[PDB]
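Only one structure is covered here, and it is reproduced in the block below.
What is reported rests on the model, the rules as stated and the sources as named; no laboratory read-out is quoted. All Cβ positions, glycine included, derive from the backbone under ideal geometry; neighbour counts span all protein chains shown.
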Amino acid sequence: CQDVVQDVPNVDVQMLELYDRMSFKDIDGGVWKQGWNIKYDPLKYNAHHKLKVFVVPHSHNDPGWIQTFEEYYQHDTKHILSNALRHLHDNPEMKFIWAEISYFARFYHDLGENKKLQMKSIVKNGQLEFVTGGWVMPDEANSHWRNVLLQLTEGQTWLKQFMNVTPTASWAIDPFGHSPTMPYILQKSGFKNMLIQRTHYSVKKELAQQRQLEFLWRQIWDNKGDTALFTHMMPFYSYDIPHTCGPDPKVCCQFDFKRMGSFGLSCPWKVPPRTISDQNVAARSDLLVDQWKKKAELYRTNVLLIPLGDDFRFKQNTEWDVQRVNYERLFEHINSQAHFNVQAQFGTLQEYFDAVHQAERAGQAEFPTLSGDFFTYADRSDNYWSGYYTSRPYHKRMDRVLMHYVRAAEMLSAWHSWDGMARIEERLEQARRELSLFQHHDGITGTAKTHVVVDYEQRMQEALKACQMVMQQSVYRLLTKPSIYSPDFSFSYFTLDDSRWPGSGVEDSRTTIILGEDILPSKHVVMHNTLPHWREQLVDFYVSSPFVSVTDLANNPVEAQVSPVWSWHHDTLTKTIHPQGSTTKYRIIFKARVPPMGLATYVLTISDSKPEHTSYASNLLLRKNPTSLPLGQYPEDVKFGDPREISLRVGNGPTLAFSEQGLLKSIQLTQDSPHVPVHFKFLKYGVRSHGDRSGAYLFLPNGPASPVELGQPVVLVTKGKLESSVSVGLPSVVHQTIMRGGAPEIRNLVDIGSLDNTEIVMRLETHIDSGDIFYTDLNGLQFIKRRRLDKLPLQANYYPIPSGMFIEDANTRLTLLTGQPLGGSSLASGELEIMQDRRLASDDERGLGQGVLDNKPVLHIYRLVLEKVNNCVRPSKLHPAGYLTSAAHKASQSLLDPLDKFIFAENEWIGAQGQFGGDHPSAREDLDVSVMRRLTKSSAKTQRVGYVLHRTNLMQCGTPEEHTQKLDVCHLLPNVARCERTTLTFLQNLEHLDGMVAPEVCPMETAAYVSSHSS
Ligand SMILES: OC[C@@H](NC[C@H]1NC[C@H](O)[C@@H]1O)c1ccccc1
Ligand SMILES: *[C@@H]1O[C@H](CO)[C@@H](O)[C@H](O)[C@H]1NC(C)=O
Ligand SMILES: [Zn+2]
């Protein structure tokens, strides 16, 4: 195993280093506005060294943006594909590349057999080529790596089954900035090449000057280079025709033949395209070949890529003709005029890469190595695209909830083979596809029109219902005596109970467990743990009486705590935000201990009085002018007091101090230790009154944030033996700090209401001497070092926080983990900040055509981990990566993959069992079974189950933590007959494993295995 901490990789381009050196000046470079006037030596190419040009027709099809997926399919994409089939069939030398498999599968299943066969033929002969082959072209900032893999696998599994092809070249022309998580996943999925486009204009200039636009992109910690993937970065401002033929858009636009008028398009540079004829082909060729030779100067080989396309192009038959015929006339002339020393033709992306590598092998070029990322993107001036790291945060949080539900549904149902009548495969495919669709770069990014966001939300709700159905049928099968099990596959044996989604204050949708002497004495509940290690975690349920006790299925009492159900209300009468307690429902909390990838059953029983093993939280409402807060049968009266500072400690955990406004002020790790200043504060950013306006994509603040005026907020303190909390009703945010004995949990119920042109940020102020350094994660996969640069504007220093961020000095580290992707930064030493929501009245000129005024209440969740790190073995100062500690990693897992809770629906569960998975191996803490998926339906003689195993890298800080079992996923199901290592999409077998044992992976590695069972 490579050491991912102690060996700084030696690369030619390291993006953090490049950023420290770059000036980022935005000067007018001439016709290539953000470059320079390219010059080339006409004698560079000759009879023995020609420039080979591949013109690659393409059509960017967004799976929802200005219209919904289905609206675009009906209005545009079905015609593009139907006409591509006809035109490619009839013109053998014409080529076309296709990226979005969600649209291709929607089209293909509606085709008659005759056309399916014609389609398969143009794919087999190479005219139509799939690039990447994912369900969508995903966002790379907010997406979790698990969902990037899910959507890639959904598209490629469909392509293997129906087109018999697996792309090895990726095409990502539109995500707003790029992440090294892509080459990581692609290289472990059989890819050999990838292409990107949206990188900062200053980066394109810098790399173009050094001919470093093609590089071997390896991970930041990869010393050896085995993760490297050849990458081509396009050089210009856009992937449209004016910015893909060469440096001068006024010239290139004249070679977009759809812009002469009848299609309602024109050239903004004021010179229109002209139909190629024998009288102008020599002059037109001279102009075009000159653009090509200038673009070729930016690269190292004599093979040039010229994309030919734009958004939803190649629709009309007349458009196919106009582009094809004109380019055919240019090719015939250019290729026959020896003086140009060019051979040009339509080609595919793979053809381009194959020719580049043939040139490389011929010794004509060596490529530089590169590590780092390409955030935060700016396409021009100070227009940095950091706004979409936060836009539509409700759906960003929903993405993470569904991510976990899909994993849990696939894993719970994988243990058995199911009859077709159970509709398990059907519901899982629906769920995987709706979550995969949302990975689109206008889905999770929050950059689609309002009605499109509604469509994605509706699709995800249907996916959550599908997951619940699969999960509850699976739990019933796994925990019911076999000879008693009698399923009705349409019945709800259990309902899921989720405490954090949509969340208290967002939707009152949790069901209360109704117990009563005259109706039902007790109720069974079941917890599932999708992680491969034993886990204890407090769980809570709503119950109709405070006199409830808990037992495990051996009838052993389990200590529990009962607290009131508090809801916050913006009282329009008193103009205050304050809590109301239920007089009919209560919360019961207790620790559930669940096996690795297993289930544990508990029983809640009502009694007429306080149970011996159930305690009751005290409650203290701090506000001047209080009024009573009756709580029905709750046995402890609420206490009142004027606002004041307070201190709380649960268990032997940390002691937290709060201001009189209910916000954290300090954390004391242990009895002796100091009270470390850690101050939460809410501030607001505004919008510029002159110049460019912030919108769904861009963050263009009108200066540093200003504190939210808090007034005298109402603060609620609940103190219990198992769980305590401090909640406060601030303007636009009900802020809650929860303590269960370890790192606190923070929950923000964010309702920006009608505050136009406002972005609400949550900031942490500490003493930590972090300087200008902070760390943020990439797709929940790795932490990258960031350096705040005062030479760049504030918005450029905002980065995606898909799952966590931290600051540290020699001795102390503060890590904030998130349950949803949001934007954030460290704008001053000792600070961390993360945006909560943004409401913007104006459009930001990137095509969306509306502001962001459809905000809705969202419950954001976090864990806050303050730790001493002076004893940790950390990377050297020159290493570009950072790594979490065990506690921060576990805190992240508690947010992303919590225990699932099931409430038995009927009155009695006959044949109920107490546990499942007690014999499953409890793997080392840094290892996860990211995916468990049965790959075969019930009619297959040989069943196959796929596993994706991911091992992260945790810092060594002297905490032994040992004695763990080896996890061999290939023996998790009985009767294993074969075990193979496969690509991450499970589509190619890479290694036949001896003894049918799947070995564990190295830190920072991800491997996939498929076990075969004869059963
Ligand atoms: O690349 C330019 C073109 N594309 C904008 C792209 N980015 C956001 C979406 O995913 C879309 O595909 C465009 C079209 C229409 C109006 C303005 C700009
Ligand atoms: C799928 O592609 C492989 C490529 O080697 C080919 O051998 C096989 O016949 C194809 N399967 C069919 C008939 O679709
Ligand atoms: Zn797009």
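Just to be sure I understand the filter: pairs with C-beta atoms under 7 Å, separated by 6 or more residues or on different chains, first member in region 344-359 and assigned to a strand (DSSP E or B), second member buried (at least 22 other Cβ atoms within 10 Å of the Cβ) and of a type in the set (D, E, K, R). Which pairs pass?
Matching pairs, first to second residue: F346/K95.
With of a type outside the set (F, W, Y) and either in contact (Cβ under 8 Å) with a residue 12 or more places away in the chain or over 20 Å from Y72 (Cα atoms) (or both) as the only criterion, which of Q472, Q458 stands out?
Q472
Identify, by number, the condition in (1) within 27 Å of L152 (Cβ to Cβ); (2) of a type outside the set (A, V, I, L, M, F, W, C); (3) without any contact (Cβ under 8 Å) to a residue 40 or more places away in the chain that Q988 doesn't meet.
Condition (3) is where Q988 drops out.
Residue by residue through region 590-628, note down the ones that are closer than 16 Å to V548 by Cα, part of a loop (DSSP other than H, G, I, E, B) and basic (K, R).
Correct list: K610 only.
Could you please tell me which pairs satisfy a Cβ distance under 9 Å, a separation of 6+ or placement on different chains, a first residue in region 57-79 that is closer than 22 Å to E129 by Cβ, and a second residue that is within 16 Å of ligand 2 (Cβ to nearest atom)?
From residues that are closer than 22 Å to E129 by Cβ, there are no pairs.
On the basis of being of a type outside the set (F, W, Y), surrounded by 22 or more Cβ atoms within 10 Å (Cβ to Cβ), within 25 Å of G126 (Cα to Cα) and assigned by CATH to the domain that holds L150, does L349 make the cut?
yes
In region 702-747, which residues are among the β-branched types (V, I, T) and not in a loop (DSSP other than H, G, I, E, B)?
Selection gives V715, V717, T718, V726, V728, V733, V734, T737, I738, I746.
Which is within 15 Å of ligand 1 (Cβ to nearest atom), without any contact (Cβ under 8 Å) to a residue 60 or more places away in the chain and not charged (D, E, K, R), of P175, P242?
Going through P175, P242 in turn, the sole match is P242.
Could you tell me whether any residue of region 901-910 is in the same structural domain as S666 (by CATH), within 30 Å of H735 (Cα to Cα) and among the hydrophobic types (A, V, I, L, M, F, W, C)?
no
Assess whether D76 counts as being assigned by CATH to the domain that holds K315, under 24 Å from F255 (Cα atoms), within 16 Å of ligand 3 (Cβ to nearest atom) and of a type in the set (D, E).
Answer is yes for this residue.
Please go through (1) under 18 Å from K204 (Cβ atoms); (2) in contact (Cβ under 8 Å) with a residue 12 or more places away in the chain for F263 and return the number of the only condition it doesn't satisfy.
Result: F263 fails condition (1) only.
With a cut-off of at least 3 residues that are more than 16 Å from ligand 3 (Cβ to nearest atom) and in contact with a strand residue (DSSP E or B) (Cβ under 8 Å, 6 or more places away or on another chain), name the strands (runs of 3 or more DSSP E) lying wholly within region 124-211.
Of the strands (runs of 3 or more DSSP E) lying wholly inside region 124-211, those with at least 3 residues that are more than 16 Å from ligand 3 (Cβ to nearest atom) and in contact with a strand residue (DSSP E or B) (Cβ under 8 Å, 6 or more places away or on another chain) span 128-130.
List the residue pairs whose Cβ atoms are under 7 Å apart, where the first residue sits in region 960-980 and is assigned by CATH to the domain that holds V1001, the second is of a type in the set (D, E, K, R), and the two are 6 or more positions apart or on different chains.
Short answer, once both residue conditions are applied: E961/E925; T964/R924; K966/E1000; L967/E1000; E980/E991.
Restricting attention to region 944-961, which residues are touching a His at 6+ places or on another chain (Cβ under 9 Å) and buried (at least 21 other Cβ atoms within 10 Å of the Cβ)?
Selection gives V945, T952, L954.
Can you find, within region 90-136, the residue that is farthest from ligand 2 (Cβ to nearest atom) among those that are surrounded by fewer than 22 Cβ atoms within 10 Å (Cβ to Cβ) and of a type in the set (S, T, Y)?
In this case the residue turns out to be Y108.
Exactly one condition in (1) surrounded by 14 or more Cβ atoms within 10 Å (Cβ to Cβ); (2) β-branched (V, I, T); (3) farther than 28 Å from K124 by Cβ is false for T275; which is it?
Unmet for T275, out of (1) surrounded by 14 or more Cβ atoms within 10 Å (Cβ to Cβ); (2) β-branched (V, I, T); (3) farther than 28 Å from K124 by Cβ: (1).
From the set of residues in region 403-451 that are among the acidic types (D, E) and away from ligand 3 (no atom under 16 Å from the Cβ), which is surrounded by the most Cβ atoms within 10 Å (Cβ to Cβ)?
Step by step, filter region 403-451, then rank; the result is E410.
For a quick check of your reading of the model, give me the residue pairs whose first member lies in region 114-135 and is touching a residue at least 24 places away in the same chain (Cβ under 8 Å), whose second is part of a helix (DSSP H, G or I) and within 16 Å of ligand 1 (Cβ to nearest atom), with beta-carbon atoms closer than 6 Å and at least 6 apart or on different chains.
Pairs found: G134/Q151; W135/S102; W135/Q151.
Would you pick out the residues in region 604-633 that are within 25 Å of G911 (Cβ to Cβ) and in contact with an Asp or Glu (Cβ under 8 Å, 6 or more places away or on another chain)?
Listed by number, the list holds a single entry, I606.
So which residues in region 691-716 are in contact (Cβ under 8 Å) with a residue 12 or more places away in the chain and among the small types (G, A, S)?
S694, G695, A696, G703, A705, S706, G711
Of all residues in region 34-81, how many are away from ligand 1 (no atom under 16 Å from the Cβ) and on the phi > 0 side of the Ramachandran plot?
0
Would you pick out the residues in region 379-401 that are assigned to a helix (DSSP H, G or I) and in contact with a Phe, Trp or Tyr (Cβ under 8 Å, 6 or more places away or on another chain)?
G387, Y388, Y389, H395, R397, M398, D399, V401 - these are the residues of region 379-401 that are assigned to a helix (DSSP H, G or I) and in contact with a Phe, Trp or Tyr (Cβ under 8 Å, 6 or more places away or on another chain).
Hey, among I861, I910, which residue is within 26 Å of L664 (Cα to Cα) and among the β-branched types (V, I, T)?
That would be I861, the only listed residue that is within 26 Å of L664 (Cα to Cα) and among the β-branched types (V, I, T).
Can we say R763 is within 30 Å of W501 (Cβ to Cβ) and touching a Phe, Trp or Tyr at 6+ places or on another chain (Cβ under 6 Å)?
No.
Kindly indicate the residue of region 234-282 that is aliphatic (A, V, I, L, M), within 37 Å of the chain's Cα centre (by Cα) and in a loop (DSSP other than H, G, I, E, B) and also farthest from ligand 2 (Cβ to nearest atom) among those meeting that condition.
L265
Run down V470, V475, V454 and say which single residue is touching a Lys or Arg at 6+ places or on another chain (Cβ under 6 Å) and either in a helix (DSSP H, G or I) or among the polar types (S, T, N, Q) (or both).
Every option except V470 fails the conditions.
Tell me which residues, restricted to region 863-880, are more than 27 Å from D222 (Cβ to Cβ) and either free of Cβ contacts under 8 Å to residues at least 40 places away in the same chain or assigned to a loop (DSSP other than H, G, I, E, B) (or both).
Passing the criteria: only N870.
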